[PDB]
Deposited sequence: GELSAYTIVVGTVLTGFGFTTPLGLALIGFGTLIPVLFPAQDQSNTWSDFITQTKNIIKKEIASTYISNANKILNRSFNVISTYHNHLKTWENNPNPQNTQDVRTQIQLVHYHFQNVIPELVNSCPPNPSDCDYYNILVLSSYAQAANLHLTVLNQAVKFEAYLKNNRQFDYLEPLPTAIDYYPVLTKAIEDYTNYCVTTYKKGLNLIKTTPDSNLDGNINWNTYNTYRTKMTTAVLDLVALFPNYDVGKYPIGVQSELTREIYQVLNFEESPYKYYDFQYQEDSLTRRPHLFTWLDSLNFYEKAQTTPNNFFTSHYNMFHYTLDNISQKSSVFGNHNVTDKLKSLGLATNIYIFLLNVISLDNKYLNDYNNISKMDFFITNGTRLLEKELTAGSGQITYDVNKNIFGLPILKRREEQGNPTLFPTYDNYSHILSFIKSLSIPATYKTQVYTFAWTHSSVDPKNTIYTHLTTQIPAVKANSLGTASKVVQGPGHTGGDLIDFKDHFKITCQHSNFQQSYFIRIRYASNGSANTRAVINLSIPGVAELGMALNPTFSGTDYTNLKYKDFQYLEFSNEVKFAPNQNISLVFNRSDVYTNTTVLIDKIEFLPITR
């Protein structure tokens, strides 16, 4: 949508987990968060915008007094964060005595401000039960920013104190943890209450049908606002990540074209979902876009059909997608290729405007805004000759900037949060001339080289693999892992490229698993030319509903033997399951590398 804080706040946190210091992600991360979340101090309209925008997509109503109240309440954090931020800044470069060193008192206030303002926020809802559920999902995005700030000072407090044990001393680690757990589970819960609200509310405009586009919009906006932020919360666990962490978000989000002027909005919800989005898969990179045009030469040509060319991370085989659309046999192929480190971060599309009639509303022209890392490259893809008579529609797709601006909408080659990853299409030629498209977008924090760093913990999602056994499958993530997970049944291999240095590590796994102590799954890791690790996994949850696994359901296990990689060494990570307990489900989330030698 139109609101860059979502993508910027998320961008700062990813960048923030880069190191590990006595002032944590506060002194610096705050230098960005405060200005982004409070541009007009304690009298901003950030929360209103967040709430109004959410309410504009769900299109349900409540007295605006609830919105301004929420905005009035969360705008208190400004002063409580500003003072804390100063004493901290006042604690570093400024002398290091013991008075301005008494930051421990300031931390106490920020922790007190958040124990009260968040429950206040949630409990200041309309009387009516369900009307209260709607108010809280409508405030969820603001809730998130609050909880994150909260988690940041606690993560900082923990670091701050552990630093003072070297050459009231409160211990916030048990609390930091519970906060990571509660906030995660609440956001996800609330996020689904909204998803279920939409999927449950007939749309008068659609004559009663559930509105899929509304469902999809809410998902795209909330993923970039809440889920993306919630997926990084585990990094705040100073226990788990002592020296810093490099993580990424692998989930896809979609923007759609021709929804309103096409009939498909009257079909079943799940039907549209099935044909407009992609089933859980291993992360893919877009090699090229292939659109067929009509053989004609006369004006008003358009793209008849299309297909995508893509590949798994570090895989030298380029897979091809289905040919969406109505591919004639005498049409011309207009292709747009893409090399490694060359992405589409913004595009312009010109499609035919059927005027709500059973007439073609296809894409006839596209302007891609590509990035190669050093400059902006504009490429074009046109059906026949740009010449167009019929009325046309002009739409822009892509996501907001990833960093605070500096030097057609927002993204630049050196400042973009998402890259194009796929283009699906729903069309039944045998009956209609209309076609609805969706543009898939993945987070630009994902690495094409699966690099393993040496100066901090590297987090490599299991879906960044390029080989998946037949017994295994990729299942939908629960909502807080930042993406999907692998249902490890047999084997799967992820390929990594080491940094230009030498290092020893311990590879650690973040997984989920039911089963019992007598039916533990066993995992063997074969790193050709390097090591042979193996270990038994423990039960972590019970039941078979993996879709709604809780935060506590995922745990961490580490292999005993260590590995050493040479500079720029290409690594093969072959995972095998040898146990017989076929009924013991194991969900692989993240593969972690812990540097041993500083």
> Numbering the deposited sequence from 1, which residue ranges have no coordinates here?
Replying inline: 168 to 177, 418 to 421
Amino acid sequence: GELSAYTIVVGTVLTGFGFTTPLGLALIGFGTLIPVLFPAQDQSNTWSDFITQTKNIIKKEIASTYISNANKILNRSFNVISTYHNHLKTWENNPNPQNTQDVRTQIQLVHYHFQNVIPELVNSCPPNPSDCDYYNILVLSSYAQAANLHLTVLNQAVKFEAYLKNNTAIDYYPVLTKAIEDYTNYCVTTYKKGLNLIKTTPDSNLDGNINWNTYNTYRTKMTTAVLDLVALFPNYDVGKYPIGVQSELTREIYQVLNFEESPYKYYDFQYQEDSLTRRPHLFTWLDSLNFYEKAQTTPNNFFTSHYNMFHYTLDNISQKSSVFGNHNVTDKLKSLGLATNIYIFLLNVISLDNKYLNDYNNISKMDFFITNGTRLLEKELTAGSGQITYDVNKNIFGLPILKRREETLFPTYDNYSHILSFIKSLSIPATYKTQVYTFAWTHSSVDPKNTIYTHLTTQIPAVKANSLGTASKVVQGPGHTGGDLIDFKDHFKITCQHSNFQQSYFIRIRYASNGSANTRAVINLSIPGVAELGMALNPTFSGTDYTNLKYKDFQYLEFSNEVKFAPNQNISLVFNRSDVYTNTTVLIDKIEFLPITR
From here on, numbers count along this sequence of modelled residues.
> For the C-alpha atoms alone, is the average B factor greater in 520 to 528 or in 470 to 478, going by the entry?
Replying inline: 520 to 528
> Mean C-alpha B-factor higher for 198 to 206, or for 125 to 133?
Replying inline: 125 to 133
> Among 182, 274, 120, 315, which residue carries the highest C-alpha B-factor recorded in the PDB entry?
Replying inline: 120
> Out of 169, 494, 423, 231, which residue has the highest Cα temperature factor in the PDB record?
Replying inline: 169
> According to the PDB entry, is the CA B factor of residue 293 in the bottom, middle or top third of its chain, that is, lowest, middle or highest?
Replying inline: highest
> Going by what the PDB entry lists, where does residue 583 fall on CA B-factor within its chain: lowest, middle or highest third?
Replying inline: highest
>> Test of reading the entry: by CA B factor among the chain's modelled residues, which third contains residue 26?
In response: highest
>> Can you tell me whether residue 287 has a C-alpha B-factor in the lowest, middle or highest third compared with the other modelled residues of the same chain?
In response: middle
> Ranked by Cα temperature factor within the chain, is residue 221 in the lowest third, the middle third or the highest third?
Replying inline: middle
